[PDB]
Amino acid sequence: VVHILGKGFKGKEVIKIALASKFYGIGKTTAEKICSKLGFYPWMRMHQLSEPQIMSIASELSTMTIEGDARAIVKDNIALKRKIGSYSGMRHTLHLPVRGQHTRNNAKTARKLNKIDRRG
Amino acid sequence: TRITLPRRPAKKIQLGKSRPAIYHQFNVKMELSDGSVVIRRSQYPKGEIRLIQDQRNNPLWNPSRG
Amino acid sequence: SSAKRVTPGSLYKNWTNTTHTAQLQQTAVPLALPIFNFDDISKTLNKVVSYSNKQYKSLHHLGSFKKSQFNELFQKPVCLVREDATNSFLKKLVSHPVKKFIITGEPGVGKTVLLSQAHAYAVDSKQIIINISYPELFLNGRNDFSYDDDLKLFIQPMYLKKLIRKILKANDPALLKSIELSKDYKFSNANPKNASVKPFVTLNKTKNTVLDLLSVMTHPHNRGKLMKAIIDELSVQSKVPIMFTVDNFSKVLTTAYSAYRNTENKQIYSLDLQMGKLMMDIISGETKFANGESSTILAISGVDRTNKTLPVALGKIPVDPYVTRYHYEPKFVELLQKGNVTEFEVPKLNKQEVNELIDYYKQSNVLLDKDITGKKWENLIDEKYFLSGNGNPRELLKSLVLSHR
Amino acid sequence: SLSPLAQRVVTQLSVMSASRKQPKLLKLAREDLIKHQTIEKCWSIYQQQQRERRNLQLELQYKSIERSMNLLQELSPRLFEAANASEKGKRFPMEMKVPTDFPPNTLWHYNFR
RNA sequence: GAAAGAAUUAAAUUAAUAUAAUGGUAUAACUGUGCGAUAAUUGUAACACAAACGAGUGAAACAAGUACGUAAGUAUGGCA
RNA sequence: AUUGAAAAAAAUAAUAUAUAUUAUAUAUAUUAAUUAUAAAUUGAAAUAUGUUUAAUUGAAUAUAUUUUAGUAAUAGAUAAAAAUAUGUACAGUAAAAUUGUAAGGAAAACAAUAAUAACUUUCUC
RNA sequence: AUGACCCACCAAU
RNA sequence: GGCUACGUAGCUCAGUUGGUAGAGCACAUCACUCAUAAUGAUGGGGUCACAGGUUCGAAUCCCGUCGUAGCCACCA
RNA sequence: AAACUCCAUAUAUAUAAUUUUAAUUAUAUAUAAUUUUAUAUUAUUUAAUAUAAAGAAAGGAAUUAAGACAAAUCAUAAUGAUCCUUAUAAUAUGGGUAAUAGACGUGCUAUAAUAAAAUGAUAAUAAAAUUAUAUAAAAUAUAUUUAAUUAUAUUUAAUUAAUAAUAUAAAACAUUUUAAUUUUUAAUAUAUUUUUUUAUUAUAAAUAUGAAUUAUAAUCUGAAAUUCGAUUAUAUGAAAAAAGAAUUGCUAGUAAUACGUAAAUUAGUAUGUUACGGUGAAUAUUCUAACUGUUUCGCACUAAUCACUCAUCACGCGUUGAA
C-alpha cells in the first residue's frame, strides 16, 4: 500500500497474492506461508497492515531469495551451458525455441523474449 | 515548451544584513550493522536509525573478518 | 454518474444482495396480521402471524432472518404458526429435560424460520439469547486472528465484538442488569474517553452488571477473555436462562481445520479457535448454565456440505471406523453424543398450511394473475403442493413469484 | 494556477529558502558581548596551542626519521636501500577504521583471514 | 617551527569591451557590487585641433542647479 | 513606570528629547527593529470561558477570539551563466589549454593547474 | 496431346 | 565567369508570405476472382540535394562552392 | 427415382428360474404408416386449403446413376513400357522428416460479471465403448498436515465381459468468492436490513483474467527424450481490451455448449480422427447474386463464353502501288 520493499502496492489489495504480484523472488505458495509465519489473518488487505507489521514483512523477504537477485541466477544457469557447447545457448543466443518448439513458425515469442539476459 | 517556475521580484538583502543559512538539524544516532553507534547531525526528523547494509558488514571493507 | 450507482436506486449488487438490502419492502401493502405469542398459540394455530415489534428488534440484532428468505415480499418478515413446528416443537423446548435440540430437515423446509421462531420465544419468554449465525463468518479466515497464551486458544477479536454487540443490543437491557458479576474482572481500556488517563479497566463484583461487562472496550488481545467472562458470568449465574443458538452449525459440524494458517503453515482446527470452543463446548456439556431454563438449539441448514458426522452422531448410521476425516470428524460426534443432543426433523407443509400461506400470499398480491384469474382456487392449491415437491415452503414461493414461465 | 508537481517543487524550494523561517538577530548586552569575546579568544588560543603541539611532535618525528636513515646509510647500505623505497601505491588497511562515537558489540576480533 | 595576514613578483590586454577595424585597456576602459537614475542639466565659452567655406573635434574656465562619495572628489552621456 | 531574578553614570553609533554658534554642536535618556507588508470554508497553534479525574491541577472537549500557515530561491559588497549599455563609490581578475570526474562522448557542468624574499600578527620549542 | 495462354462492368423503362 | 531560378520519399508534384517531418502512382502483403487486372484495406521512403549563421523555432531562413536554361548584343 | 435395407419408434408374442439383475432391460420374431377417416369452401369427373377424429408417429443413415474434369493415386497393392544390377537393390549406427525471414489454411486456448474458480460422501443424472500385443480397484508411501482433490511410486483384488476395471459423468443446481470496482474494505460509532444499514477518516489500462513462456528439481515409457516425447511441483507471467476489408458451419434434438465420455493408432504423447450421450435455440422465403435440373427467346460459340473475335502499334520477311 505504501513504499513496502520500495515498489509497494495498494490498499484493498489482499496481501497474500499481492506479494506474488509485485515481488519476483516470491509467488504463489511462497507468498502464502510467508504471511503465515508473520501470522496475518488471511483475506487481509494492504491498507490494514500495521506499518510495524510491514517491517516484519520486509525482513521476511530478505531471509529467502527474492527480486531480480534470482533473475541473475537463471541468467547464469543460462549462460552456463550457453558458455559450454549447448544447443540451448545457440537457441537462447540466436533468440530461437530454447524449448525446441516451432522454430519454423510460432517462434516470434522466443525471438521476443528469449535472449542472454532473458527476463528483461 | 520549457517547464519553469516564473520568478517574482527578488527580495533585497542589504549589505551587512545577510545571514548565514543555519538549517534545522537533529542529532541522529546511527547504529551500524554491528552495535557500534555513531552520532551525526541530520535534517530529517529521526532520533535513531539502525542500518542493515554498512561497511561494517561488507566484505570489501573487512577482508580479514522478499 | 461518475460516482458508482450515483443513481439513488442500487441494483448493481448481485441480485441476491439487491433482494437482501434495497429498502424495497416499502411498497409492501400494510397487513393487519395477528401477533406471534406462545401463550396465545391456540388462537393463531395454522395462521400467518407477524412478530412483535420487540420480537423484531431482537430478531434483527440476532440476524434471525436471512437474505435468501423472500422477506422483501412483505413490509416485515412473517411466519406461519405451524403445529408440527412452532406449536409442537416449542413444547419440546419448554418441556424437554435436556433443552438441547437440532432443527434439521430438507433444504428450505425452513429450518431457519424455526430457529427464528425460537428467538421469538426468547424475546417474550424473557431469556437471554445468544445466536451465532453463519458460523462460517468466523471459520472463513477473513476476520482477524491472534493467540492468547492465557487460554491456549487462537482468538478472533473483531469477530467476538460483532457477536458481543448482537447479544447486548438484541436482549432487553433490564433483563441483563439482572446478572451481576459473580466475581472479579480486570482487562484493558481504550474507551476514547477515559483511556489515556485510566490505564486499565475494572469491574467491581456487585456494583457491576453483566450489561456493563458487555459494554467494556478492550484492545484486541483482550476481547477474548472478555468473552470467557461474558459467557462465564452469564453461564454460571442462575437468574435468567440461555439459548445458545447456532444456525448453519453444519458448517462447523464438519469443516474442522479452519482457514487460518497458524505459524508453520499448519492448519488451525476449529477447536483451537476460541469461538469454536465457546460454540462446541456448551453444546457438549463442558459448560453448563445453572438455571434449569438453560436452553440450547443448534440447527443444520442447507447451504453446507453434508457428511457422516450428523447422521452418525444422531445415530442414523452405525459408526464406520474406516471412513475419512474429511467426511467424519470423530470428535464432533463425541461431543454431541456426550451432550445428549436431540433432533426435531422439521416436517414439511401440509396441504392446508399451503393454502394458508397462499392466502396470505394473495393479500399483498405477491403472486401472478396467471393463477389468480383463470384458475379456480383448489386448482392452484393442489398445484403448488405439487410443484413444491410436496412441501418445501421456499419452492412454493419459488413457484409463485420468481418463476414467470 | 499551479499543478501538483509545481506545488511540490515550490514546497521543496521553500525547504531550502530563508523566507519566513529564520529567527530574530542574536543581540547581546555589552557585558555578555565581552564574556563571549573572552570565551572565543581563549578557545582560539587553545586551538593554536594544540596545533603547535601536534606540529612540534610531527617535526620531532621527522627529525628522528632523518637521524635513523643517516645512521642506516652509514652502517648497512642494503638495509638503507630497502627502507628508502617509493611507497606510491601504499594503501591503509581496511581494518584501521575511523573511530565511531560508541563501540560495537564485538569490540575486538581475535581471529582473522 | 607553525598559522594567519598583508600581499609582492612573474604572467596576462590572447579573455572581455554595446557593434566593424585599428588604437587603448588589468593603474583596469573589463568584471561584481551599493547607491542612484542625476551631468543622456542650463546660460557665457577662452583656447587650441582640424580647416577653403559651411561644417567638425578637444576643452580650461565663469555662472545655476542635480547626483554619488568620509573625503580627495567625479559626473555637461557610452574606452576612442 | 507596573512582574521575574535577587545611591547613579561614564565609549561608539543610533534613536528620543532638548538647547548653543553668521562652528552639522553638544546635554540628558534608551539601546527598538534588522527577510517584513492585503487577500486563506478547510491546515496548525495560543490564550479566555463551558464537562469528568486529585474548592482544586491535568486531560478531554466545545464557542468566541485571534495568531499563525498564501510555504519561492540572492544571505554574498556576490565577481566572466542570463538579466540595463548614462552617473558615482567600493572591490576583484580573465581566456586558453592539460590531469581528471555517473551517464559524459570532439563538443554539458565541476575541480585543480606560477613564485614565496621580505614585512607584520599569534602560538610555540 | 502442341496446347502457354483472357480479359473487362457498370448503374432504368 | 564572379554573374538569375532550379538539385526532394522509387515517379511526378509538394509546400508558399516561417509556427512541417503532404499528396497520389508505382512496390511489398492481404483480400476479390476460376486466374489476371481494375476496386477495396494495409505498411514501406524524405537527411523537404551540401557548408556554416538567426528570432523561442526556418522545408522555409541568411550566407556562397560541388550541380540547371545562360550571359558576347556601339562595326564603318 | 421410389421402395425394400440399417439404426430408431409404438405395440404383441417367445426367451431370462429376476444372483451376469439393467425386467425402466436385453435380444429373436410379428405387425405398423409412403398415415387414414369425415364435413365444409373452391375448382373440375375428383384434387388442394381449413376444420375436427384415429393413432406413437415423428427422424437419421446407407445407396450419389451415365459422363466429364486425360481430377487424385504407378507411396495400399498390382501390372505394361522404360530405365540399374559393385547400385537407383539389402543391412547396422547416427542424422533427418521437428530447419525458419516472410505468406497462407485449419484448429486450440484466449481476452472476466446475459462469467470464471475453489467446494457439495446418504455421492443429482447417461449412452456408446473397451479389457489374454490387458484393464489395472480398494488401500499404501510421498509431494503436503491433518484429511479430501490432484500426480507419481509399492501390491494386483476381480474380471477375459449384461459378472470385475477403466468410471462416483460433467455442465446445470446450491453456497462462497472475484480485478477495474471508491461497487472495496476497517476503525469507530450509527440500528426494526445483521451474511446487512447509515454518518465520519482512511484505502493512488493486463488483474486474483490470460497461461505463451524460463529456470531448477522430480516422475512415466522404454537400452536409449540429447536434435526430440509426456507429467508435476516450485518459479516466470509476453502477447491478448472481441479482432479491417473479407469469409466459414448450421433449419431441430440440428446449431451452441468453459458439457463431459469412449475407442482405434501407442513401449509412450492428441490442441487430431472416429463414435456416445447431457442441456438445448432463434431465425425462414420473401429479392437480388452464384451452382444446378425444367423451360423461353437468341446464339457467328462447339476441348463449347475461361468461347470467339476486331483494329492500331511493335518485330521479321514477300509482292504491288506514288514519286
# chains A, B, ... in the order shown; residues from 1 in each chain; ligands from 1
$ closest_atom_pairs --of "chain F" --to "chain C" --cutoff "12 Å" --atoms "only C-alpha atoms (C1' of nucleotides)" --output "tab-separated table"
residue	atom	partner	partner_atom	distance
F:51	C1'	C:193	CA	11.9
F:52	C1'	C:194	CA	8.9
F:53	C1'	C:197	CA	8.2
F:58	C1'	C:197	CA	9.6
F:59	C1'	C:197	CA	7.2
F:60	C1'	C:193	CA	7.4
F:61	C1'	C:193	CA	10.4
$ write_last_selection --atoms "N, CA and C atoms (P, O5', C5', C4', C3', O3' and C1' of nucleotides)" --output "PDB file, in the first residue's frame"
ATOM      1  P     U F  51     -19.794  22.948  32.920  1.00  0.00           P
ATOM      2  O5'   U F  51     -20.269  21.549  32.319  1.00  0.00           O
ATOM      3  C5'   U F  51     -20.282  20.364  33.147  1.00  0.00           C
ATOM      4  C4'   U F  51     -19.882  19.141  32.354  1.00  0.00           C
ATOM      5  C3'   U F  51     -19.100  18.087  33.129  1.00  0.00           C
ATOM      6  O3'   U F  51     -19.946  17.095  33.699  1.00  0.00           O
ATOM      7  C1'   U F  51     -17.965  18.605  31.108  1.00  0.00           C
ATOM      8  P     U F  52     -19.458  16.274  34.980  1.00  0.00           P
ATOM      9  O5'   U F  52     -19.079  14.841  34.390  1.00  0.00           O
ATOM     10  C5'   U F  52     -18.467  13.843  35.232  1.00  0.00           C
ATOM     11  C4'   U F  52     -17.128  13.428  34.667  1.00  0.00           C
ATOM     12  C3'   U F  52     -16.138  12.851  35.678  1.00  0.00           C
ATOM     13  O3'   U F  52     -16.094  11.428  35.625  1.00  0.00           O
ATOM     14  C1'   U F  52     -15.090  14.348  34.094  1.00  0.00           C
ATOM     15  P     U F  53     -15.666  10.587  36.926  1.00  0.00           P
ATOM     16  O5'   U F  53     -14.084  10.769  36.972  1.00  0.00           O
ATOM     17  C5'   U F  53     -13.432  11.284  38.148  1.00  0.00           C
ATOM     18  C4'   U F  53     -11.938  11.287  37.941  1.00  0.00           C
ATOM     19  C3'   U F  53     -11.113  11.837  39.095  1.00  0.00           C
ATOM     20  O3'   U F  53     -10.721  10.791  39.974  1.00  0.00           O
ATOM     21  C1'   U F  53     -10.489  12.922  37.084  1.00  0.00           C
ATOM     22  P     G F  58      -3.042  22.915  34.767  1.00  0.00           P
ATOM     23  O5'   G F  58      -3.183  21.378  34.374  1.00  0.00           O
ATOM     24  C5'   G F  58      -2.020  20.542  34.234  1.00  0.00           C
ATOM     25  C4'   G F  58      -2.423  19.134  33.870  1.00  0.00           C
ATOM     26  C3'   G F  58      -3.337  18.997  32.663  1.00  0.00           C
ATOM     27  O3'   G F  58      -2.633  18.988  31.426  1.00  0.00           O
ATOM     28  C1'   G F  58      -4.226  17.743  34.443  1.00  0.00           C
ATOM     29  P     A F  59      -3.399  19.394  30.085  1.00  0.00           P
ATOM     30  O5'   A F  59      -4.353  18.148  29.823  1.00  0.00           O
ATOM     31  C5'   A F  59      -3.806  16.838  29.604  1.00  0.00           C
ATOM     32  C4'   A F  59      -4.921  15.850  29.396  1.00  0.00           C
ATOM     33  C3'   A F  59      -6.023  16.308  28.445  1.00  0.00           C
ATOM     34  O3'   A F  59      -5.728  15.998  27.087  1.00  0.00           O
ATOM     35  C1'   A F  59      -6.999  15.632  30.468  1.00  0.00           C
ATOM     36  P     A F  60      -5.962  17.109  25.964  1.00  0.00           P
ATOM     37  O5'   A F  60      -7.244  16.566  25.189  1.00  0.00           O
ATOM     38  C5'   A F  60      -7.563  15.164  25.174  1.00  0.00           C
ATOM     39  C4'   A F  60      -9.031  14.964  25.448  1.00  0.00           C
ATOM     40  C3'   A F  60      -9.974  15.918  24.726  1.00  0.00           C
ATOM     41  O3'   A F  60     -10.315  15.415  23.446  1.00  0.00           O
ATOM     42  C1'   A F  60     -10.575  15.764  27.017  1.00  0.00           C
ATOM     43  P     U F  61     -10.106  16.326  22.157  1.00  0.00           P
ATOM     44  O5'   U F  61     -11.554  16.946  21.917  1.00  0.00           O
ATOM     45  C5'   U F  61     -12.735  16.299  22.423  1.00  0.00           C
ATOM     46  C4'   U F  61     -13.654  17.323  23.038  1.00  0.00           C
ATOM     47  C3'   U F  61     -13.675  18.666  22.330  1.00  0.00           C
ATOM     48  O3'   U F  61     -14.661  18.633  21.312  1.00  0.00           O
ATOM     49  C1'   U F  61     -13.609  18.936  24.714  1.00  0.00           C
TER      50        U F  61
END
$ residues_around --residues "residue 101 (chain D)" --least-positions-apart "5" --cutoff "10 Å" --atoms "only C-alpha atoms (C1' of nucleotides)" --output "PyMOL selection string"
chain B and resi 29-31+36-40
$ select_by_dssp --residues "chain A" --states "alpha helix (DSSP H)" --output "ChimeraX atom specification"
/A:15-22,29-38,52-63,68-83,87-94,108-113
$ residues_around --residues "residue 62 (chain E)" --least-positions-apart "4" --cutoff "12 Å" --atoms "only C-alpha atoms (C1' of nucleotides)" --output "ChimeraX atom specification"
/E:43-46
$ interface_residues --of "chain E" --to "chain D" --cutoff "8 Å" --atoms "only C-alpha atoms (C1' of nucleotides)" --output "PDB file with C-alpha atoms (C1' of nucleotides), in the first residue's frame"
ATOM      1  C1'   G E   1      58.876  25.725  13.812  1.00  0.00           C
ATOM      2  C1'   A E   2      53.705  26.960  12.620  1.00  0.00           C
ATOM      3  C1'   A E   3      49.479  29.717  11.359  1.00  0.00           C
TER       4        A E   3
END
$ interface_residues --of "chain E" --to "chain B" --cutoff "12 Å" --atoms "only C-alpha atoms (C1' of nucleotides)" --output "ChimeraX atom specification"
/E:33-35
$ write_last_selection --atoms "N, CA and C atoms (P, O5', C5', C4', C3', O3' and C1' of nucleotides)" --output "PDB file, in the first residue's frame"
ATOM      1  P     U E  33      26.231  42.080  -9.806  1.00  0.00           P
ATOM      2  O5'   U E  33      26.541  43.043  -8.577  1.00  0.00           O
ATOM      3  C5'   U E  33      26.731  42.513  -7.255  1.00  0.00           C
ATOM      4  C4'   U E  33      27.246  43.582  -6.319  1.00  0.00           C
ATOM      5  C3'   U E  33      26.370  44.813  -6.175  1.00  0.00           C
ATOM      6  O3'   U E  33      25.329  44.610  -5.235  1.00  0.00           O
ATOM      7  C1'   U E  33      28.647  45.450  -6.376  1.00  0.00           C
ATOM      8  P     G E  34      23.919  45.283  -5.496  1.00  0.00           P
ATOM      9  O5'   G E  34      23.922  46.527  -4.507  1.00  0.00           O
ATOM     10  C5'   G E  34      24.395  46.391  -3.162  1.00  0.00           C
ATOM     11  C4'   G E  34      24.609  47.756  -2.564  1.00  0.00           C
ATOM     12  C3'   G E  34      23.589  48.803  -2.969  1.00  0.00           C
ATOM     13  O3'   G E  34      22.439  48.749  -2.143  1.00  0.00           O
ATOM     14  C1'   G E  34      25.762  49.693  -3.197  1.00  0.00           C
ATOM     15  P     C E  35      21.063  49.345  -2.676  1.00  0.00           P
ATOM     16  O5'   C E  35      21.408  50.882  -2.911  1.00  0.00           O
ATOM     17  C5'   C E  35      21.638  51.761  -1.793  1.00  0.00           C
ATOM     18  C4'   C E  35      22.207  53.077  -2.258  1.00  0.00           C
ATOM     19  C3'   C E  35      21.326  53.891  -3.190  1.00  0.00           C
ATOM     20  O3'   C E  35      20.395  54.682  -2.465  1.00  0.00           O
ATOM     21  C1'   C E  35      23.527  53.825  -4.047  1.00  0.00           C
TER      22        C E  35
END
$ residues_around --residues "region 11-18 of chain A" --least-positions-apart "5" --cutoff "10 Å" --atoms "only C-alpha atoms (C1' of nucleotides)" --output "number ranges by chain"
A: 1-2, 23, 26-36, 40-49; I: 179, 184-186, 202-204, 208
$ interface_residues --of "chain C" --to "chain I" --cutoff "7 Å" --atoms "only C-alpha atoms (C1' of nucleotides)" --output "VMD selection string"
chain C and resid 4 20 to 21 56 to 57 60 to 63 134 266 303 to 305 307 324 to 327
$ closest_residue --among "B:49, B:21, B:28, B:13" --to "chain D" --atoms "only C-alpha atoms"
B:21
$ residues_around --residues "region 221-236 of chain C" --least-positions-apart "2" --cutoff "6 Å" --atoms "only C-alpha atoms (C1' of nucleotides)" --output "list in words"
residues 155, 157, 218, 219, 289 and 290 of chain C
$ atom_distance --atom1 "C1' of residue 78 (chain E)" --atom2 "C1' of residue 86 (chain F)"
6.8 Å
$ interface_residues --of "chain C" --to "chain A" --cutoff "6 Å" --atoms "only C-alpha atoms" --output "list in words"
residues 141, 142, 144, 145, 261, 263 and 265 of chain C
$ residues_around --residues "residue 6 (chain G)" --least-positions-apart "3" --cutoff "12 Å" --atoms "only C-alpha atoms (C1' of nucleotides)" --output "ChimeraX atom specification"
/H:34-37 /I:305-308
$ interface_residues --of "chain D" --to "chain F" --cutoff "12 Å" --atoms "only C-alpha atoms (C1' of nucleotides)" --output "PyMOL selection string"
chain D and resi 6-30+41+44-57+59-60
$ write_last_selection --atoms "N, CA and C atoms" --output "compact mmCIF listing (two decimals), in the first residue's frame"
# COMPACT_ATOMS: atom_id res chain seq x y z
N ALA D 6 4.07 21.20 -9.57
CA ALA D 6 4.55 22.58 -9.38
C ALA D 6 4.51 22.95 -7.90
N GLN D 7 3.41 22.60 -7.25
CA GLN D 7 3.25 22.81 -5.81
C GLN D 7 4.36 22.13 -5.03
N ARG D 8 4.60 20.86 -5.32
CA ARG D 8 5.63 20.08 -4.62
C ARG D 8 7.02 20.69 -4.84
N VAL D 9 7.30 21.16 -6.05
CA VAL D 9 8.55 21.87 -6.35
C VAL D 9 8.71 23.13 -5.50
N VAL D 10 7.63 23.90 -5.41
CA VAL D 10 7.59 25.11 -4.58
C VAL D 10 7.89 24.79 -3.11
N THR D 11 7.29 23.71 -2.62
CA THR D 11 7.50 23.25 -1.23
C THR D 11 8.97 22.92 -1.00
N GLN D 12 9.53 22.17 -1.94
CA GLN D 12 10.95 21.79 -1.94
C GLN D 12 11.86 23.02 -1.91
N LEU D 13 11.54 23.99 -2.76
CA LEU D 13 12.25 25.26 -2.82
C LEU D 13 12.23 25.98 -1.48
N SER D 14 11.04 26.01 -0.87
CA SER D 14 10.81 26.63 0.43
C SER D 14 11.69 26.03 1.52
N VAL D 15 11.78 24.69 1.54
CA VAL D 15 12.66 23.96 2.47
C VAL D 15 14.07 24.54 2.49
N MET D 16 14.60 24.84 1.31
CA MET D 16 15.94 25.43 1.15
C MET D 16 15.97 26.94 1.45
N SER D 17 14.89 27.64 1.14
CA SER D 17 14.85 29.10 1.25
C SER D 17 14.78 29.62 2.69
N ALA D 18 15.30 30.83 2.88
CA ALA D 18 15.24 31.54 4.16
C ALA D 18 13.96 32.36 4.36
N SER D 19 13.00 32.26 3.43
CA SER D 19 11.75 33.00 3.51
C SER D 19 10.93 32.58 4.73
N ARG D 20 10.70 33.55 5.63
CA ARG D 20 9.90 33.40 6.86
C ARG D 20 10.18 32.15 7.74
N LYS D 21 11.43 31.69 7.73
CA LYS D 21 11.88 30.57 8.56
C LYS D 21 12.94 30.93 9.60
N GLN D 22 13.49 32.14 9.55
CA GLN D 22 14.66 32.46 10.36
C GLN D 22 14.28 33.38 11.51
N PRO D 23 14.96 33.23 12.67
CA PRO D 23 14.59 33.95 13.88
C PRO D 23 15.05 35.41 13.87
N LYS D 24 14.91 36.08 15.01
CA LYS D 24 15.49 37.40 15.20
C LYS D 24 17.01 37.32 15.33
N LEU D 25 17.66 38.46 15.17
CA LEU D 25 19.12 38.56 15.30
C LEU D 25 19.53 38.36 16.75
N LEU D 26 20.67 37.71 16.95
CA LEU D 26 21.21 37.45 18.28
C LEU D 26 21.85 38.73 18.83
N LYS D 27 21.06 39.51 19.55
CA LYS D 27 21.55 40.70 20.25
C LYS D 27 22.09 40.32 21.63
N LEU D 28 23.15 41.01 22.05
CA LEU D 28 23.76 40.81 23.36
C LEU D 28 23.88 42.13 24.12
N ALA D 29 23.96 42.03 25.45
CA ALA D 29 24.36 43.15 26.30
C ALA D 29 25.88 43.31 26.18
N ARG D 30 26.41 44.46 26.62
CA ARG D 30 27.85 44.73 26.47
C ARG D 30 28.71 43.78 27.31
N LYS D 41 38.18 34.00 22.17
CA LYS D 41 39.62 34.27 22.14
C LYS D 41 40.42 33.17 22.83
N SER D 44 40.31 29.99 20.78
CA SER D 44 41.21 30.15 19.63
C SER D 44 42.67 29.93 20.02
N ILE D 45 43.06 30.53 21.14
CA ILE D 45 44.40 30.36 21.72
C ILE D 45 44.70 28.89 22.01
N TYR D 46 43.75 28.23 22.67
CA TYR D 46 43.85 26.80 22.99
C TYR D 46 44.05 25.96 21.73
N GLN D 47 43.25 26.25 20.70
CA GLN D 47 43.36 25.57 19.40
C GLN D 47 44.73 25.75 18.76
N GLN D 48 45.23 26.99 18.81
CA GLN D 48 46.58 27.31 18.31
C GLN D 48 47.64 26.49 19.04
N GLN D 49 47.57 26.48 20.37
CA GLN D 49 48.48 25.70 21.21
C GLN D 49 48.50 24.22 20.82
N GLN D 50 47.30 23.66 20.66
CA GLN D 50 47.13 22.26 20.24
C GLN D 50 47.78 21.99 18.89
N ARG D 51 47.56 22.90 17.95
CA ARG D 51 48.16 22.82 16.62
C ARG D 51 49.68 22.82 16.69
N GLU D 52 50.23 23.71 17.51
CA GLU D 52 51.68 23.80 17.73
C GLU D 52 52.24 22.52 18.34
N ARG D 53 51.55 22.00 19.35
CA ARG D 53 51.92 20.73 19.98
C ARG D 53 52.02 19.59 18.97
N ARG D 54 50.96 19.43 18.19
CA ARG D 54 50.89 18.42 17.13
C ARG D 54 51.97 18.63 16.08
N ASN D 55 52.08 19.87 15.62
CA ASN D 55 53.10 20.28 14.64
C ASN D 55 54.52 20.02 15.13
N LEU D 56 54.77 20.39 16.39
CA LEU D 56 56.05 20.14 17.06
C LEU D 56 56.37 18.66 17.10
N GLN D 57 55.39 17.87 17.52
CA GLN D 57 55.50 16.41 17.58
C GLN D 57 55.89 15.82 16.22
N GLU D 59 57.31 17.41 13.69
CA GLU D 59 58.68 17.86 13.42
C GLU D 59 59.70 16.97 14.12
N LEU D 60 59.45 16.68 15.39
CA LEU D 60 60.30 15.77 16.19
C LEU D 60 60.41 14.38 15.56
